[PDB]
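Everything on this sheet refers to the single structure shown next.
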Amino acid sequence: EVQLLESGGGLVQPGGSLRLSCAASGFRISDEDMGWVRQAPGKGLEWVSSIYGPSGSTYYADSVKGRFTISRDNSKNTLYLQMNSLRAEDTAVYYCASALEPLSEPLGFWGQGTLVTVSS
Amino acid sequence: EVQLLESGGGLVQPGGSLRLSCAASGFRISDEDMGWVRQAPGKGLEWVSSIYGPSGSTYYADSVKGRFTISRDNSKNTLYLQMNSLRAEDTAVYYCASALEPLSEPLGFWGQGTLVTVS
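As they're listed, the protein sequences go chains A and B. Residues 1 to 120 in the authors' numbering are what the first sequence lists, from first letter to last. Residues 1 to 119 in the authors' numbering are what the second sequence lists, from first letter to last.
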């Protein structure tokens, strides 16, 4: 069955960086509209970035544009989120995530959640 | 600006029932795809149900099939989640959701989250 396994993340200082990885299995990441959703207590949920299937064109939230870069390595079946110039407000649990309506599976799916933290 | 405002959360004894509501604004819900996500204490996100496509087809997580019902009231512009036969596993913060594509591809939205506790 379909699975998303996140790695990377941790604790860094402001201005630093981290690369999240999301290794998919049971399907091909290039065929799906994939993305990252972050969750902080008090700010609910938010689509930080996505890459939508064929084109490979990309969305970004206004707050992260210029700093964050979503990408894919089809040979490794892995989605990435290069997070540069990190700020204190980026502090959240980041989730690899399919769209509301995936290409094949009837319901959307999620990775396990990866805590990223930015503090001095 | 699109907004999703959830209400109807609270404490409920096992076996009982509870209806989450989600008042949508900035758009109309009859057309767009919507759903409900949840996060049980300490655990990760999980789609609970969604309603999408031309015909308003509904889909359910394996663990909530037969108990939960997603629906739309186009007149009130509100998405619902009727939760019957509640158990301890349903203890979670529930998030309304939608997906709008004004230019070819989905942007995603979420509500604030509402706590439902079963005990």
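In this text, a Cβ means the ideal position worked out from N, Cα and C, and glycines have one as well.
Near-chain B residues of the segment 87-103 of chain A - C-beta to any C-beta below 7 Å: Per Cβ criterion, the list reads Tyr95, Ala99, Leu100, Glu101.
Close-in-space but distant-in-sequence residues of the same chain around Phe27(A) (CB under 6 Å, 5 per side omitted): If the five residues before and after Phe27(A) are omitted, its C-beta is found closer than 6 Å to the C-beta atoms of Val2, all from its own chain and listed in chain order.
Where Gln112(A) meets chain B, residues with beta-carbon distance less than 7 Å: Those are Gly44, listed as they occur along chain B.
Spatial distance of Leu103(B) from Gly15(B) (CA atoms): Answer to the nearest angstrom: the Cα atoms are 44 Å apart.
Cutoff 6 Å; reference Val37(B); Cβ partners in own chain excluding five residues on either side: Excluding residues within five positions, the ones whose Cβ falls inside 6 Å are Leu45, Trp47, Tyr95, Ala97.
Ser7(B) versus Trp110(B) - alpha carbon distance: Roughly 14 Å between the two C-alpha positions.
Opening and closing residue of the beta strand (DSSP E) in which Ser63(A) lies: The continuous stretches of beta strand (DSSP E) do not include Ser63(A), and DSSP gives it neither H nor E.
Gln13(B), buried or exposed, once every other Cβ within 10 Å from all chains shown has been counted against 16: By the neighbour-count rule (16 or more Cβ atoms within 10 Å), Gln13(B) is not buried but exposed.
Three-state secondary structure assigned by DSSP to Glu89(B): DSSP places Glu89(B) in helix when its eight states are reduced to three.
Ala88(A) versus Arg19(B): straight-line alpha-carbon distance, rounded: The C-alpha of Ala88(A) lies about 36 Å from the C-alpha of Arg19(B).
Pick from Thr117(A), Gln112(A), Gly56(A), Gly113(A) that is closest to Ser85(A), judged by C-alpha positions: Minimum Cα distance to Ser85(A) is reached at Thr117(A).
For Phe68(B), the residue or residues it bridges with in DSSP: In the DSSP output, where bridge partners are listed per residue, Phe68(B) has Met83(B).
Proximity below 7 Å, CB of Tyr52(B) to CB of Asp33(B): Taking 7 Å as the Cβ cut-off, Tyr52(B) and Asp33(B) qualify as a contacting pair.
Integer Cβ distance of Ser49(B) from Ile70(B), believed to fall under 8 Å: A Cβ-Cβ distance of about 4 Å is found for the pair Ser49(B) and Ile70(B), placing them in contact under the 8 Å criterion.
6 Å CB neighbourhood of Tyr60(B) in its chain, flanking five on each side removed: Within its own chain, the residues whose Cβ lies closer than 6 Å to the Cβ of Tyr60(B), once the five positions on either side in sequence are excluded, are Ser49, listed in chain order.
Residues near residue 120(B) in its chain [Cβ-Cβ closer than 6 Å; skip 5 each side]: Chain B is shown only over 1 to 119; residue 120(B) falls outside these bounds and no answer can be derived.
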